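For reference, the structure is listed below as structure tokens.
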Amino acid sequence: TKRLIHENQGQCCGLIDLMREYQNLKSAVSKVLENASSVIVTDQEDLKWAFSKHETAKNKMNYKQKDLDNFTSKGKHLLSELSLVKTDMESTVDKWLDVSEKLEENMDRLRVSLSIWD
Amino acid sequence: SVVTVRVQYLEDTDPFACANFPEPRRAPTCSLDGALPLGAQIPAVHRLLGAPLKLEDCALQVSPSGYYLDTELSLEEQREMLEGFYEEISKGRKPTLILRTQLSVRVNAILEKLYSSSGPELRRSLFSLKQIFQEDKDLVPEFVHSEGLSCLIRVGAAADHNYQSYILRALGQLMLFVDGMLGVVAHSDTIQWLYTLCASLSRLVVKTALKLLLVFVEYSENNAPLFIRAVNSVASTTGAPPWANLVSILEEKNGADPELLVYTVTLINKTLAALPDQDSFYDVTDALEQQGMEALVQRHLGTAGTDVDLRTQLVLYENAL
């Protein structure tokens, strides 16, 4: 009978290592995210260089894009477990959507702005 | 003729936020009847599970097999679709069944939210749509059945370039699956919309529309005539000459864009390779020779700056004639 105590307490144990797991993963996530924000940047050689540079910003972008969707996959199967927390997730999902599109069409502008150089 | 199984429910009433774990982890046992219809049997197990599921919007998926049960015929009558099922039983194990929402109800909730939401709401939904289709391909047939394509077009045609580009990435997700592919082959309005999209000012959107149209013409050849007819209908409805959008890309108002130019030439090439009729062929090539095509081709084949792959596919053009 004493086991069912051990059981509920194991339920609390499994949820504790659960979000300790969420936290250690998130560490790397933060680093990646930080970098995502970082790569940002608001002559004719220069324009061309910019299109060729923003082209590597995005070669790197899609490069990291595979573990980035690993991140979207992990987050969706993350909030599967677990009121306060939800808004937090939504907040990073919207912030990252805005900077996903934002570096998408900022590199697009840099390509299409040495297009104004070509 | 009774059956003892392992049961679990799946909380999917909201498809834009599906949970991942079925509860409980340790599936409970209860006894059914193999020769009686399942509909009347669903309530005992539904209360057995205490699920927060609209019992009257529910559906059943065989866990390992994935089969969606017809809810009002017995177990013995759909035996031909449960081969792997009775073999698990025959092994003396208990097979597992997933309680979830009908694909119909889920696609219905989706069409509601697409038709009734807007702004940030609508946008979030479209991004997730991609991954949702990757991971349950089974929604795609019910989707085509509920005019979900009507919804997608009816939304995309009054939206901005990001909203439309996201729609198109999602749409490619649909077309990796057979049923969605079949829905696109059926819906002339869709391909018409993609042609309209080839005139977008977003050069990303144009590349994307172009590459999906390539996917469309590469799947089969039976849809080359359907394409050409859709294009004629769009050019005719819009007041522009047929095919004007591609050749406008070809004679570049903005300048050079090798990836789009090569994509376009391969597209028209791969449109050419699928017809034995030389007479409609000649009809069309007159319609093109009218617009000035030969000088554009000639002067571009002159300049040595053209990229080698683009050049190979355009010599495939010339070699055809």
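Chains A and B supply the protein sequences, listed in that same order.
Here the first sequence is numbered in this note's numbering, starting from 599 and rising by one per residue.
Here the second sequence is numbered in this note's numbering, starting from -14 and rising by one per residue.
Built from N, CA and C at the ideal position, the CB exists for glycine as well.
Between B/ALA171 and B/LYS115, the CB-CB gap reaches or exceeds 7 Å.
With a contact defined as Cβ atoms closer than 8 Å, B/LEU54 and B/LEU45 qualify at about 4 Å.
Residue contact check for A/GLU605 against chain B: no CB pair falls below 7 Å.
According to the DSSP assignment, B/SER218 belongs to the alpha helix (DSSP H) that extends over 209 to 223. One alpha carbon belongs to B/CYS136, the other to B/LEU96, and they sit about 7 Å apart. Residue pairing for B/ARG108: DSSP places it in no beta bridge.
Note on geometry: alpha-carbon atoms of B/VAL250 and B/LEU295 lie some 7 Å from one another. By the beta-carbon neighbour count (other beta carbons within 10 angstroms, threshold 16), B/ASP(-3) is buried. In this structure B/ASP42 is in contact with B/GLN87, their Cβ atoms being roughly 6 Å apart against a cut-off of 8 Å. Look at B/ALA20 here: in three-state DSSP terms it is coil, with no helix or strand label. The alpha-carbon separation between A/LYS662 and B/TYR267 amounts to approximately 49 Å. Look at B/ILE83 here: in three-state DSSP terms it is strand. Among the residues facing chain A, B/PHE6 is included, as its CB has a counterpart in that chain under 7 Å away. In this chain, the alpha helix (DSSP H) harbouring A/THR685 covers 682 to 712.
In this structure, B/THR56 sits near B/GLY24, with a CB-CB distance shorter than 7 Å. It is roughly 15 Å from the alpha-carbon of B/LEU299 to the alpha-carbon of B/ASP242. In this structure, the straight-line span from the alpha carbon of B/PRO210 to that of B/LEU286 is close to 29 Å. Close partners of B/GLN46 in chain A (Cβ separation under 9 Å) are lacking, with about 18 Å as the shortest Cβ gap. Rounded to the nearest angstrom, the gap between the Cα atoms of B/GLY240 and B/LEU281 is 14 Å. Taking C-beta separations shorter than 8 Å and ignoring five residues to either side along the sequence, the partners of B/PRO227 in its chain run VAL216, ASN217, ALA220, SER221 and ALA272, following chain order. Counting along the chain, B/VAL(-10) sits inside the beta strand (DSSP E) bounded by residues -13 to -6.
Only buried fits B/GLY133, as 16 or more other CB atoms lie within 10 angstroms of its CB. With its beta carbon at least 7 Å from every one in chain A, B/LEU(-5) lies outside the interface. Separation of the CB atoms of B/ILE152 and B/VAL191 is rounded to 15 Å, and the pair is thereby denied contact status at 8 Å. Contact between B/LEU252 and B/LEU198 holds, with the beta-carbon distance rounding to 6 Å and staying under 8 Å. Less than 7 Å divides the Cβ of B/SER113 from the Cβ of B/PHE1.
Distance from the CA of B/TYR248 to the CA of B/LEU195, rounded to the nearest whole angstrom, comes to 7 Å. One finds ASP716 in chain A with Cβ atoms closer than 7 Å to the Cβ of B/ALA241, taken in chain order.
With contacts defined as CB atoms closer than 7 Å, B/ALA305 and B/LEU257 qualify as a contacting pair. Among the residues of chain A, those whose CB is under 8 Å from the CB of B/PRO105 are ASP692, following chain order.
The beta carbon of A/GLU619 does not come within 7 Å of any beta carbon belonging to chain B, so the residue lies off that interface. Runs of beta strand (DSSP E) with 3 or more residues, each lying fully within the stretch 42 to 98 of chain B, are found at 43 to 47 and 81 to 86, listed in chain order.
Ranked by Cα distance from A/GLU653, the first of A/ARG601, A/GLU702, A/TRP715 and A/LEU602 is A/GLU702. Contact between the stretch 100 to 114 of chain B and the stretch 8 to 20 of chain B is not established, with fewer than three Cβ pairs separated by less than 8 Å. DSSP places B/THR256 in the uninterrupted alpha helix (DSSP H) bounded by 243 to 257. Remark: C-beta atoms of B/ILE74 and B/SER48 do not approach each other more closely than 7 Å.
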